[PDB]
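Take a look at the structure below.
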Amino acid sequence: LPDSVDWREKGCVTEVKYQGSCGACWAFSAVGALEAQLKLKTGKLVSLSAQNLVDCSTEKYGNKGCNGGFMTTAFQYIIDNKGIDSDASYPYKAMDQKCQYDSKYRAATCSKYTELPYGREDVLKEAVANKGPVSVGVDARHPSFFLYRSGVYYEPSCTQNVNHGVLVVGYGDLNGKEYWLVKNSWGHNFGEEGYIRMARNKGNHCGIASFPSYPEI
Ligand SMILES: OCCOc1ccccc1-c1ccc(F)c(F)c1F
C-alpha cells in the first residue's frame with residue numbers, strides 16, 4: 001500500500017461542513033464517504049444532503065436525527081430509498097424536519113456498504129488506499145479534542161468507546177508520528193481547516209478503527 005494517502009489531492013472530498021448544535025455527525029460522515037464514491041464513479045464532486053439523512057433515515061434505521069445515528073444504517077437508507085438528494089437541493093438546517101426527499105434532486109445512489117473488522121488499522125489502511133474515504137467513529141469526548149490545532153492528536157485518556165462520526169480521508173506520517181487524516185463536521189474553525197490528524201497504529205487510538213464502513217455506488 002502507499003505510505004500515505006490524501007483523498008483531497010484526488011478531488012474526492014467536499015468542503016468541510018458545520019453541523020452546529022445538531023448531533024448530525026453520523027449524517028456528515030456518511031455523505032462524505034458517498035461523495036467520494038460519487039466522484040470516483042462519475043467524475044463529479046458534489047456535496048450530498050446530510051439533512052436528507054437526518055430527516056429521512058430515522059426510526060426505521062435506528063437513527064435519531066439531531067440526537068445521533070449510524071453511518072451504516074444511513075447507507076442502508078440510501079440503498080432502500082434508491083437515492084439521496086444533493087446538499088444544494090436539500091440544504092442543512094441543523095434541526096429535525098419532515099422528510100422532504102425528492103428523486104428529482106437525487107445526486108447519488110448506494111448499492112451496498114461494507115463494515116470493516118473491529119480495530120484492524122491495517123485493514124482500514126487498505127480500504128482508505130484502495131476504496132476511498134471511510135466513515136468511522138471516534139472518541140471525541142476529551143477536552144483536548146476540541147482544542148486540537150496541529151500535529152498528530154494523541155490523548156492518553158482516549159478510549160475505544162466512540163461517540164462521534166467522522167471521515168477518514170487519508171493517512172500518513174508527520175515528523176515520525178503516523179496519523180489518520182480525519183475530516184470533521186465542526187466547520188473550518190476546528191483543527192486544521194476542519195481536519196484533525198489522529199494517531200495511527202497506536203492501539204486503535206480513540207477507537208478510530210472500531211467501526212469503519214464505506215459505501216459503494
Ligand atoms: O454529532 C455527532 C454526535 O453523534 C451522536 C449523538 C448522540 C448519540 C450518538 C451519537 C453518535 C455516536 C457515535 C457515532 F459514531 C456517531 F456517528 C454518532 F452520531
Side-chain angles (χ1 to χ4, degrees), residues 1-17 25 28-48 71 75 113-140 142 144-156 158 160 162 164-217:
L1 299 173
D3 287 342
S4 69
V5 169
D6 186 341
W7 282 99
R8 297 178 301 180
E9 297 180 347
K10 300 279 186 161
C12 287
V13 185
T14 64
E15 67 272 21
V16 170
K17 309 307 193 300
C25 53
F28 287 106
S29 174
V31 297
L34 192 56
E35 286 160 0
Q37 296 302 311
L38 177 66
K39 174 60 177 188
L40 291 167
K41 180 187 178 285
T42 71
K44 298 182 178 189
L45 185 62
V46 177
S47 293
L48 301 171
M71 291 78 80
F75 299 143
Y113 65 93
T114 300
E115 302 173 67
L116 286 60
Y118 180 92
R120 289 274 293 178
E121 290 187 81
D122 53 338
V123 178
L124 179 54
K125 187 191 171 179
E126 182 179 29
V128 174
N130 292 340
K131 302 293 175 171
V134 176
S135 294
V136 300
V138 298
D139 177 7
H142 305 282
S144 59
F145 191 91
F146 304 100
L147 290 164
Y148 169 85
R149 303 280 288 282
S150 68
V152 176
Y153 181 76
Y154 182 82
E155 173 48 87
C158 234
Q160 286 75 37
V162 303
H164 185 51
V166 294
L167 184 71
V168 176
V169 296
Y171 62 80
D173 64 288
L174 172 59
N175 302 319
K177 301 291 182 180
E178 292 183 312
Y179 68 86
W180 297 108
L181 181 64
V182 176
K183 190 196 192 189
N184 195 8
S185 52
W186 295 349
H188 79 95
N189 187 83
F190 168 77
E192 299 266 40
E193 301 293 346
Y195 292 83
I196 176 171
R197 303 183 201 80
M198 294 183 74
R200 175 167 72 93
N201 296 331
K202 293 288 184 182
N204 187 21
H205 195 63
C206 298
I208 190 152
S210 287
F211 300 104
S213 58
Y214 67 91
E216 285 172 87
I217 311 222

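Here, residue 1 is the first one in the sequence, and each next residue gets the next number.
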Item to check | Side-chain heavy atoms of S150 within contact of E192, under 4.5 Å | outcome: yes

Checklist outcome for this item: Looking only at heavy atoms, the pair that brings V166 and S29 closest together is O-OG, 2.7 Å

Checklist outcome for this item: Shortest non-hydrogen pair, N184 vs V16, comes out as O-CG1, 3.7 Å

Next on the checklist: Testing the basics here: between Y154 and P156, what is the closest heavy-atom pair and its distance to 0.1 Å?
Outcome noted: O-CD, 3.8 Å

Item to check | Worked check of ring-ring contact (aromatic ring centres under 6.0 Å, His included) between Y214 and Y113 | outcome: CA-CA 6 Å; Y214 67 91; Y113 65 93; 9.4 Å; no

Checklist entry - Mind checking whether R8 and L181 have side chains closer than 4.5 Å, heavy atoms only? => result yes

Checklist entry - Is any side-chain heavy atom of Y195 less than 4.5 Å from a side-chain heavy atom of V169? => result yes

Item to check | Audit row: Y118, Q160, side-chain contact (heavy atoms from CB on, under 4.5 Å) steps and yes/no | outcome: CA-CA 10 Å; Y118 180 92; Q160 286 75 37; 3.6 Å; yes

Next on the checklist: Within the 4.5 Å heavy-atom criterion, are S144 and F146 side-chain neighbours or not?
Outcome noted: no

Next on the checklist: Is it the case that atom CG in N130 sees more than 12 heavy atoms from other parts of the structure closer than 6.0 Å?
Outcome noted: yes

Checklist outcome for this item: Rounding to 0.5 Å, atoms CD1 (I217) and CG (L34) come to a distance of 5.0 Å

Checklist outcome for this item: In terms of heavy-atom contacts, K202 and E121 come closest through N-OE2, 3.7 Å

Next on the checklist: Please report the interatomic distance CG(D139) to CD(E155), rounded to the nearest 0.5 Å.
Outcome noted: 8.5 Å

Next on the checklist: Just so I know, are the side chains of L167 and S135 near enough to count as touching, which here means a heavy-atom distance under 4.5 Å?
Outcome noted: yes

Next on the checklist: Taking the ring of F145 and the ring of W186, is the distance between their centroids below 6.0 Å?
Outcome noted: yes

Checklist entry - Could you walk me through whether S4 and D173 pass the side chain to side chain donor-acceptor pair (under 3.5 Å) check? => result CA-CA 7 Å; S4 69; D173 64 288; 5.9 Å; no

Checklist entry - Is any side-chain heavy atom of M198 less than 4.5 Å from a side-chain heavy atom of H205? => result no

Checklist entry - Would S47 and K17 count as having a side-chain donor-acceptor pair, cut-off 3.5 Å? => result yes

Checklist outcome for this item: Closest heavy-atom pair, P215 versus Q37, reported as atoms and distance to 0.1 Å, is O-CG, 3.3 Å

Item to check | Euclidean distance, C206 SG relative to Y153 OH, rounded to 0.5 Å | outcome: 5.0 Å

Item to check | Inter-residue atom distance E178.CD - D3.CG, 0.5 Å rounding | outcome: 9.0 Å

Item to check | Value rounded to 0.5 Å, distance of NZ in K183 from CD in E15 | outcome: 7.0 Å

Next on the checklist: Could you check whether any side-chain heavy atom of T14 comes within less than 4.5 Å of a side-chain heavy atom of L45, counting everything from C-beta outward?
Outcome noted: yes

Item to check | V182 vs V138 side-chain heavy atoms within contact, under 4.5 Å | outcome: no

Checklist entry - Checking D6 side chain against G170 main chain: does a donor-acceptor pair fall under 3.5 Å? => result no

Item to check | Stepwise side-chain contact (heavy atoms from CB on, under 4.5 Å) check, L124 with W180 | outcome: CA-CA 10 Å; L124 179 54; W180 297 108; 3.6 Å; yes

Checklist entry - Counting only N and O atoms by type, is there a donor-acceptor contact under 3.5 Å from the side chain of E35 to the main-chain atoms of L48? => result yes

Next on the checklist: For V128, is there any backbone N or O sitting under 3.5 Å from a side-chain donor or acceptor partner on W7?
Outcome noted: yes

Checklist outcome for this item: Smallest heavy-atom separation, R200 atom then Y179 atom, equals NE-O, 3.0 Å

